[PDB]
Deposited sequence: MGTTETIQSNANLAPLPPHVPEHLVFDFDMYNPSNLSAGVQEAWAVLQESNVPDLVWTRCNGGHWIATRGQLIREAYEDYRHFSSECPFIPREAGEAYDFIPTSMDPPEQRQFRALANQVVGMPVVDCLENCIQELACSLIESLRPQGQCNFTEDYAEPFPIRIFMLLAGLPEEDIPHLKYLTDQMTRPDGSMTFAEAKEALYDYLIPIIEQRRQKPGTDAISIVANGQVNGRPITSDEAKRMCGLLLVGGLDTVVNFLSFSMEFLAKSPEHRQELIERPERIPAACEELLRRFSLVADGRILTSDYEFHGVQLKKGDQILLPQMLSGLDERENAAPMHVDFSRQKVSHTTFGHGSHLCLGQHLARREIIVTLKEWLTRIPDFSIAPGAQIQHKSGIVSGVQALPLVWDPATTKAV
């Protein structure tokens, strides 16, 4: 359904893309979105879908908009205009307070420190799967891995995983019992007592560190800590689950690429970057704080603009033959983790999860494919994704380390 065209929007800029239901989604998610980058589509379009909003289609505009929070505010980062978590909706300077605190728990020093634990987690999961000759990767690995990482960082017991999976799944891939707000309230109900306990008796886990931290020169409030912890959980789940699934979907179909990495495991870090570019999956945006002319288009105060992280690396102006995966690309240009002051706090952690996943999987289960008869179903939205990923392999071609 199509919102009436505001009269400040030129008719020749209307391209009614629906980011929740794009045409030709069976060609793939990134292929569906790349319709925005065909040669006749302008750099900046208006869609009448989802209330009406702008979309920037090219990397150059996406980057520039993300570098200018004065005009393009995070106060309303999601489309449609109708979720608290911190610091998603904050601009600097206040956002910097929460970046500093989050860095204490998912920053590069913690990620370097955790590398061996992360490898062990991955190996344990993969070794459990190896003899079975099949799995639904999305459920059997892609979700358990990052959630177990969180339980480890946050000092939370293994027995709570099912409950947290359930609530986080209702938030992001809703089966339709719970609304988003109900699911979020339940997540808060779980965190609140833990935060209170760890302010009264702190440990050295991530919830203790966030919950006894400082912002603006005073102790963080329990409610701020709750909103930060909720994002540190949901932010590393939806994206990692779906991104790992996209990547393994591709490797299941691509024997030469798999073989490159089996024979030359030193190329995995480069491959991770190239998969990050090809299978980019986030699309959020910003709200205009004032009337502003941008690239020959007059934007109005209050207009929302979609600045799809996904699109920058798919832009043929940024990477030749962008739909091709080339692990040897000389410069992999992308904004998969975003750009500007909100660039993903988890970016280091995410790369180590992807690299460890690829290294540990290919060393044990080098040869696998999509289950016969399956057709992989995709979803599009703020975080685009894979519904399920049935894989099969011959256990006789595997190896236990």
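Engineer: What stretches of this chain's deposited sequence are missing C-alpha coordinates?
Structural biologist: Missing from the model are residues 1-11, 94-97.
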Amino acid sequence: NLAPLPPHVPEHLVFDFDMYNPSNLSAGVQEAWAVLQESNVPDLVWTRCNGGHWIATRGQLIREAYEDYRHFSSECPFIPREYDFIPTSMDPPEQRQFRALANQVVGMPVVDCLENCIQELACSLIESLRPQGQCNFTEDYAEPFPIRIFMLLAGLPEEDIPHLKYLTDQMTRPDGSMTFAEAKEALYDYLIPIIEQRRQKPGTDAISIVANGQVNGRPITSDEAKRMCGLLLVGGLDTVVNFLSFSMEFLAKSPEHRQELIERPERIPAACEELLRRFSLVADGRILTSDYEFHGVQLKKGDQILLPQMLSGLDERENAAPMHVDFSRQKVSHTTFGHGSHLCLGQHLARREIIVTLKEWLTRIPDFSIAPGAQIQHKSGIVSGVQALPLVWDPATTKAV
From here on, numbers count along this sequence of modelled residues.
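Engineer: Averaging only over Cα atoms, indicate whether 23-31 or 347-355 has the higher B-factor in the PDB entry.
Structural biologist: Between 23-31 and 347-355, it is 23-31.
Engineer: Which has the higher mean CA temperature factor in the PDB entry, 338-346 or 365-373?
Structural biologist: Higher of the two, by average CA B-factor, is 365-373.
Engineer: Of the options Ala270, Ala211, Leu244, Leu299, which has the highest CA B factor as deposited?
Structural biologist: Of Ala270, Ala211, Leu244, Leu299, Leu299 has the highest C-alpha B-factor.
Engineer: Checking the entry, which one of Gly217, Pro322, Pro146, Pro308 has the top C-alpha B factor?
Structural biologist: Going by the entry's C-alpha B-factors, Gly217 comes out highest.
Engineer: Name the third of the chain's ranked CA B-factors that contains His257, choosing lowest, middle or highest.
Structural biologist: Its C-alpha B-factor belongs to the lowest third of this chain's values.
Engineer: Would you mind checking where the Cα B-factor of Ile194 ranks among the modelled residues of its chain, as the lowest, middle or highest third?
Structural biologist: Tercile = middle for this residue's CA B-factor.
Engineer: Select lowest, middle or highest to describe the third in which the CA B-factor of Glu224 falls within its chain in this entry.
Structural biologist: Lowest third, going by the recorded CA B-factors of the chain.
Engineer: Pull the Cα B-factor of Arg58 out of the PDB entry and bin it into the chain's lowest, middle or highest third.
Structural biologist: It falls in the middle third of the chain.
Engineer: Can you tell me which third, lowest, middle or highest, the CA B-factor of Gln132 falls into for its chain?
Structural biologist: It belongs to the highest third of the chain when residues are ordered by C-alpha B-factor.
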